[PDB]
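Next up: just one chain, as structure tokens, the form solved without the ligand.
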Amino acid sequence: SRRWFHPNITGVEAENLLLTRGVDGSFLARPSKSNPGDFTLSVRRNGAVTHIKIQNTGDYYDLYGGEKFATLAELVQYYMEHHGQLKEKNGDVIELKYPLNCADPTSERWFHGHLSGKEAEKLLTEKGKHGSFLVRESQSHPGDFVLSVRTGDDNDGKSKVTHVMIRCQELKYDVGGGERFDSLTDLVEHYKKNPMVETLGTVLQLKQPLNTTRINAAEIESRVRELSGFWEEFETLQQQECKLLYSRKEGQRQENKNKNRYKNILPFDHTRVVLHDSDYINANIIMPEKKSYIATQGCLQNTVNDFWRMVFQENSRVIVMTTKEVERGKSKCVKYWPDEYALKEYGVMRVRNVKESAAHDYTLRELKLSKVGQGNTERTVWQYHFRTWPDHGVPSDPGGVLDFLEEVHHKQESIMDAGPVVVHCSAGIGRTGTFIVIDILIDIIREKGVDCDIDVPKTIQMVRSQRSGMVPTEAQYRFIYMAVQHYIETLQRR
């Protein structure tokens, strides 16, 4: 439940914590502040802290000496049931036994930090519903806190807002009597199981935080200005990846292990793309919860046939490739399409590269796909290979991505049948999720104009529940905001 993440700690205090408050097996995770976007795993072992590093360059989480992962929560959930698996260079094992839990409530949804009382009142009044709540700093008493809950129905006087006071006396929290909690979290979590009840009957359910992230599309410029809260909005979104540890059984079966480019990065069972054309592909349906996506890894040699099986099956007509076949030294996606004017068979599937149309940013490839045997199954499949994405981090301008997606959007739109759009990169979660979320958001705006409601984090979490760890980096996060922003002022061109 990600209490083992400590987002504001330097490496040297993480030594102290594990030594004063920890035992052997105790561990926490923290952001590398020597490599923004990276993370460091701290594990106490033989009276000694040792820091293991985790790289995230946009594709996945790379445990230095460990394996590669989708989220940090999945990483930790992995090793705590795979003892012996965290070996060190010299062979001996590192056990991850006891999560050192953090007290910093900042990355909680319901936690608002500063904020006045009336201001919270406006918010809880305007945006809130029954059970809606928040915690803010007092206000009348520095060091202390205030929780605020709405209760009622859908002016009426049938709804109200109650404020409870949270005293912090010597490291611990309380509502003025009774139990004293070590953290605001434990305090909160508690009163969700066991609601404070008022004298006269009134029950204060902590039923949902208050949305702090949804904005009108038109005033995006101003909201961006303010986040330059970016790391803070992101960190707060990171903190919910613990709610998303859905099963991935099919991914793990012995027969499917070699169909996964990275053994640990797997489709959720409930949204995996099942084949009836084996039935396994490392691929998830991403449905906006009209136009859908399939998010997938780049082709492995032994999967290229399935990939085409899937594209056929799904009736997809547009494919978004977001990766060079080899990047930074390593294979990223094997070439699964034929050379120009060529026809190639991939099992029962069959592909002709009809034309390649090199743009400045990307290369399109018109491909006719069919089944061997029946010549009527021929469908044009338009492959938009995107060429100009940096091996490290994110592009400078969003314009290039944007112009690329418009073209893609129009193609999908012009083909009436057109099933889900296929997007892939290396592991199919980083750049893949980044386009898909951008595409989704622009699509909302496109159907509702500039005076509509968007909510980036709400959207990312929505997509993350369909495939593991979509958009892993703060840089991808900031970029998603930069692109949407960009999209607006080019709409105001007319």
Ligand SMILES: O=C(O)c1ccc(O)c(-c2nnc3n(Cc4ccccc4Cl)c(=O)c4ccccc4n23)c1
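All residue numbers are counted from 1 along the displayed sequence.
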> Count of coordinate-less deposited residues separating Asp339 and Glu340, as none, 1 to 3, 4 to 9, or 10 or more?
Replying inline: none
> Hey, how big is the hole between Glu289 and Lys290 in terms of deposited residues without coordinates: none, 1 to 3, 4 to 9, or 10 or more?
Replying inline: 10 or more
> Which of the two stretches, 350-358 or 76-84, shows the higher mean Cα temperature factor in the record?
Replying inline: 76-84
>> When the Cα temperature factors in the entry are averaged, is it 118-126 or 244-252 that ends up higher?
In response: 118-126
>> Just the C-alpha B-factor column, please: which of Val456, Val49, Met462, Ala427 has the biggest number?
In response: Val49
>> Among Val311, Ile265, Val224, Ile294, where is the Cα B factor highest in this entry?
In response: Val224
> Mind checking which third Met482 falls in for C-alpha B-factor across the chain?
Replying inline: lowest
> Looking at the C-alpha B-factor of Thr213, is it in the lowest, middle or highest third of its chain?
Replying inline: middle
>> Quick check on the deposited entry: does the C-alpha B-factor of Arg431 sit in the lowest, middle or highest third of its chain?
In response: lowest
> Relative to the other modelled residues in the chain, which third contains the C-alpha temperature factor of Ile438: lowest, middle or highest?
Replying inline: lowest
> In terms of the CA temperature factor given in the entry, to which third of its chain does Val450 belong: lowest, middle or highest?
Replying inline: highest
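Same protein, other form: the form solved in complex with the ligand, not shown, and the subject of what follows.
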> So in the deposited bound form, does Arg272 come within 4.5 Å of the ligand, heavy atom to heavy atom?
Replying inline: no
> Closest heavy atom of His82 to the ligand in the deposited bound form, within 4.5 Å or not?
Replying inline: yes
> So in the deposited bound form, does any heavy atom of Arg317 sit within 4.5 Å of the ligand?
Replying inline: no
> Do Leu266 and the ligand share at least one heavy atom pair within 4.5 Å in the deposited bound form?
Replying inline: yes
> Given that the ligand is left out here, which of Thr377, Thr162, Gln313, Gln77 has a heavy atom within 4.5 Å of it in the deposited bound form?
Replying inline: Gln77
> Using a 4.5 Å cut on heavy atoms, which of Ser278, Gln301, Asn258, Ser247 is close to the ligand in the deposited bound form?
Replying inline: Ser247
>> Heavy atoms within 4.5 Å of the ligand in the deposited bound form: which stretch in 184-192, 345-353, 249-257, 93-101 meets that?
In response: 249-257
